[PDB]
């Protein structure tokens, strides 16, 4: 989408995975989907260094709406859970230097059953712009035809444009097309700043494996379309929650950097371990994810329960990730000729290699003839940056 936005993958926080559709503010005031939850997350995004690290968009997912539209047929936030309304929440979020994301659905209802936007695309776009919304996640539930799906996503894209406000447009279009018809990613990128390709992530290593495996299986179709203004979205970062071991969290961070993925955390910023916070705020890894060239990485190799992924960066640098998919035993040795990396240019005539994950360690100079040797933890990842000596 050539709206001047998302020139690097969008970074921020999205409530869905950790907080979902919790409406029980009477029994669970601190966890329910409410204005107070987003105020608390905004405060911590400022005070705990998230904004400084680049996490900029505080995003509302499903279950913010009132059961019905208002007198004039516009969407409204739930009166009890969002007493001051979305425009006021956006004002607050802006006063902190952050941006606000909101959620709507292309069909007749949202996935959780709240008012859909079909028939209201232009009014909804104008409502969002009037409210000061900075990002829209547009879901695909309750849409009875591929034509309605495509037409709605394009119509909403154009309506957002017509409001004149800069609004990041996040689409689930491909995900809802894939069971029936192969998506045309050139068209999608024409209309969207990023697009969900695959099933919702949850708090599990199985989910991560399945997302990585889908991305590597389909990489010939999706890798080259990505770039400044339009990214593949493999769904939220779930680092800092409950289901991932430390090495599995490292794998998610490293490979979301390799994939030039949007970095939408879905966690509780009020209760997050120092280790998870340091991983999610890792300057060098974020810098890889945010590389201005915006060329998505890809899987280079797979075999012996090892995977090698790599990503070209600005200024002749490369990022390389090595995953150990064997879920038994101990750290496993993996070696690869550096001439096999970076299409044969990264280390010609030589390169300096720095390991970034699981810990930052300079590895030294590697000549064109050299072999890179590493030990990779089960379900963990070794992430490296290669700098050509020219």
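Positions refer to the first chain, counted from 1.
Mean CA B-factor, 56-64 versus 27-35: the higher value falls on 27-35. In this entry, the higher average B-factor at the C-alpha atoms falls on 172-180, of the pair 172-180 and 283-291. Of the candidates 267, 127, 252, 305, the one whose C-alpha carries the top B factor in the deposited record is 127.
Residues shown: 258, 150, 313, 244. Highest C-alpha temperature factor in the entry: 150. In the deposited entry, the Cα temperature factor of residue 379 places it in the lowest third of its chain's modelled residues. In this PDB entry, the Cα temperature factor of residue 77 sits in the middle third of its chain's modelled residues. For residue 240, the recorded CA temperature factor ranks within the lowest third of the chain's modelled residues. Residue 248: CA B factor lies in the lowest third for its chain, per the PDB record. The PDB entry assigns residue 298 a C-alpha temperature factor belonging to the lowest third of its chain's modelled residues.
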